[PDB]
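Input: a single structure, listed below in structure tokens.
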Amino acid sequence: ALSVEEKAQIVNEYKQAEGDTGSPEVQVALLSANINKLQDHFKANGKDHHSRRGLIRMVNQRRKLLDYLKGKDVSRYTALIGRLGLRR
RNA sequence: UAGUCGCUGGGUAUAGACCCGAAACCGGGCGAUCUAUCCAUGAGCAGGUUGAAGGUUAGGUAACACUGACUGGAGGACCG
Ligand SMILES: [Mg+2]
Ligand SMILES: [Mg+2]
Ligand SMILES: [Mg+2]
Ligand SMILES: [Mg+2]
Ligand SMILES: [Mg+2]
Ligand SMILES: [Mg+2]
Ligand SMILES: [Mg+2]
Ligand SMILES: [Mg+2]
Ligand SMILES: [Mg+2]
Ligand SMILES: [Mg+2]
Ligand SMILES: [Mg+2]
Ligand SMILES: [Mg+2]
Ligand SMILES: [Mg+2]
Ligand SMILES: [Mg+2]
Ligand SMILES: [Mg+2]
Ligand SMILES: [Mg+2]
Ligand SMILES: [Mg+2]
Ligand SMILES: [Mg+2]
């Protein structure tokens, strides 16, 4: 549901090596933006299970990436959790 | 082959007709200061319990859900 401009400004805001789209932080930010964006769509369309499957897949991907990042570096983990405003 | 009109008595008819005695029917009125409903305007209900919805907060959820604590004061509720 994201746009080209939205993704570009997200990666610009969260890039860590001036051209890295694969670092955990960028992917986590993109997934969080998409999850937050799809909420209002699912507010109106409660009977759309087929898309909610993809939403759950994105949630699982974000969870796994956060777990890996926490396992690797605690400081970057805490910083990312702080900026994204999510519990854990 | 004598009837008529009085008077006095015994009967009869129509009248309450020897006297007392119903439950009832019909007509015009009087009553909702009792009581039954209703309408307007007032006032009365000591004292003590229980504790719904809701709210706040801390968790928790992708989000809605869902838990605890505090609060709150419902009811043809409870004891009197
Ligand atoms: Mg004579
Ligand atoms: Mg005579
Ligand atoms: Mg006589
Ligand atoms: Mg007589
Ligand atoms: Mg008589
Ligand atoms: Mg008698
Ligand atoms: Mg009468
Ligand atoms: Mg009377
Ligand atoms: Mg009266
Ligand atoms: Mg009565
Ligand atoms: Mg009154
Ligand atoms: Mg009282
Ligand atoms: Mg009541
Ligand atoms: Mg009531
Ligand atoms: Mg009653
Ligand atoms: Mg009662
Ligand atoms: Mg009682
Ligand atoms: Mg008593």
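In the structure tokens, each chain is lettered A, B, ... as it comes, each chain's residues begin at 1, and ligands are numbered from 1 in order of appearance.
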Within 9 Å of ligand 1, counting only C-alpha atoms (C1' of nucleotides) and all ligand atoms, residues as a ChimeraX atom specification: /B:5-7
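With only C-alpha atoms (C1' of nucleotides) taken into account, chain B has residues 62, 63 and 64 of chain B at most 10 Å from chain A.
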For this session: Return as a list in words the residues of protein, DNA or RNA that approach ligand 4 to within 10 Å, with only C-alpha atoms (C1' of nucleotides) and all ligand atoms taken into account.
Result: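 After applying the 10 Å limit, what remains is residues 12, 17 and 18 of chain B.
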Written file, previous selection with C-alpha atoms (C1' of nucleotides), as a PDB file, in the first residue's frame:
ATOM      1  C1'   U B  12    -125.068 -10.405  41.060  1.00  0.00           C
ATOM      2  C1'   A B  17    -114.922  -4.072  47.212  1.00  0.00           C
ATOM      3  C1'   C B  18    -114.000  -7.949  54.363  1.00  0.00           C
TER       4        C B  18
END
Restricting to only C-alpha atoms (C1' of nucleotides) and all ligand atoms, whichever of B:68, B:80, B:59, B:31 is closest to ligand 8 is B:31
Name each residue within 10 Å of ligand 9, counting only C-alpha atoms (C1' of nucleotides) and all ligand atoms, as number ranges by chain. B: 32-35
